[PDB]
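Single chain ahead, by itself, as structure tokens, in the form deposited in one PDB entry.
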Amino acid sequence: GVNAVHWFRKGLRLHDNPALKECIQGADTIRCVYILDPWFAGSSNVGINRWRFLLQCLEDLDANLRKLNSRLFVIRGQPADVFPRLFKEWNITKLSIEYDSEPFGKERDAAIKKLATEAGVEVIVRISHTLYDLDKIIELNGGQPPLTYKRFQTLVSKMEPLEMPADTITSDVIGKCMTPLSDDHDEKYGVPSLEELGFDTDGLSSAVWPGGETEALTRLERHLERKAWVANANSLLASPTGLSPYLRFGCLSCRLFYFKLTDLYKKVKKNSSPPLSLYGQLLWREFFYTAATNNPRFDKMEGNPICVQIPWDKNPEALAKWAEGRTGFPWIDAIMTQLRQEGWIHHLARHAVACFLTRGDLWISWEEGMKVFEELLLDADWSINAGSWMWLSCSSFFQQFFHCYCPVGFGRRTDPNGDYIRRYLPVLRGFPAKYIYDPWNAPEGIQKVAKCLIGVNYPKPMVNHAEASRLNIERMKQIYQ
């Protein structure tokens, strides 16, 4: 008969999944697969939050599929080795995927399409990770990706109204489509635990960001309700209505979010032409995906056509202290600790520790910061992470920043009372607000009363910002030439 397979990679949801909906059409059987690729492997225990989030997404998908009398099939191995066996054993006729625009996903998917052709399997591809058809954006721009966000905004303004979401997969959508199940399904295709991937979980609290479409749809309605009523040092903390990690994994459709925000704006402000501020970072997300699709070395400086060439220092000792939150600047260290512990930090906090690492203080390549964020950040994948680190290190030709963050000062304006620093660095809980952001300048009496001695209980500033930043500012201006 007609045996269909939907391949989950991103887009880990049943709502607004046009590839899955079209794959079910006319099908006698459906199997939803997720393939754990041993390509992604070798991470240490620091990368646990990404894996935990992913596994919780798969658990949620499996549970939602079970309400449809289906299951999620989790298969371990490389897609190129896995899919030819699946095609033969399940007698597959159709394979569906949500389009992936990133270059190595395009490479992977092109190879899998060749194998599908060899097996006589039709391939269904549908766009649903981004608001727009990125290739149409590139085509409208004469075949090259927009070089600036303003150019991107202008291109997007002329393009056809973004496609509306597809109906959720239901009892009715499935119909008489069925999922054949073996007795040992859970043993052979179950979602893995963290331990099975090798991670230590004995010292592990419950997630601040629980994965999955169910969590995301619940957050969406509360996020919309809170913003209607509205019509800070607590925004540095993880919000129970924050949606960004769910947008990265596809537990929440970005097109549904866009529509729900626009409808909210119309209902609250009684106006049909909202400002860009409404959409937050949705268009910047779309922009970095567009800039990366055709550039397989988007994540590299050397040989990358759109990346200014800058002689960053090689300093792994300084990089580690930055990555591990042991810089001596409580503001910077608190941010890296929150990132390491929970996997999300505020957007302004991302700018602060990125400027600190690259153009501001350490003169270390944006590539190294990207790799640490790649390991630790829940809500940014390869395109957006490479794009943001490039842009924020002044390595994009058309975005020169005139401003350089202060590692002490920026924190004081944001949390005058160092509540944020007292939370993520409790060893400084004694220090008062006048010294909490620069503990080195506190007298030894106030240090001892606080029961933390700089240099012993907490480390001293790793550089002098005034000295370092002035030189790096002079370095960058020379580079422009």
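In this text, rigid core is short for the largest set of C-alphas that superpose within 1.5 Å between two forms. Residues carry their position along the shown sequence, with the first being 1.
Keep in mind that the form deposited in another entry is not shown, yet the notes after this line are about it.
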Exercise. Which residue moves between this form and the one not shown, judged by a Cα shift of 2 Å or more on the rigid core: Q341, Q281, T117, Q309?
Worked result: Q281
For this session: Superpose the two forms on their rigid core, then report whether the C-alpha of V46 is displaced by 2 angstroms or more between this form and the one not shown.
Result: yes
For this session: Compare the position of the CA of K300 between this form and the one not shown after a rigid core fit and state whether the shift reaches 2 Å.
Result: no
For this session: Determine whether the C-alpha of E59 shifts by 2 Å or more between this form and the one not shown once the rigid core is superposed.
Result: no
Seminar exercise, completed: Cα of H351 vs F40, shift of 3 Å or more in that other deposited form, relative to this form: the pair sits farther
For this session: Classify the change in Cα distance between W331 and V46 in that other deposited form as closer or farther, relative to the shown form (magnitude of 3 Å or more).
Result: farther
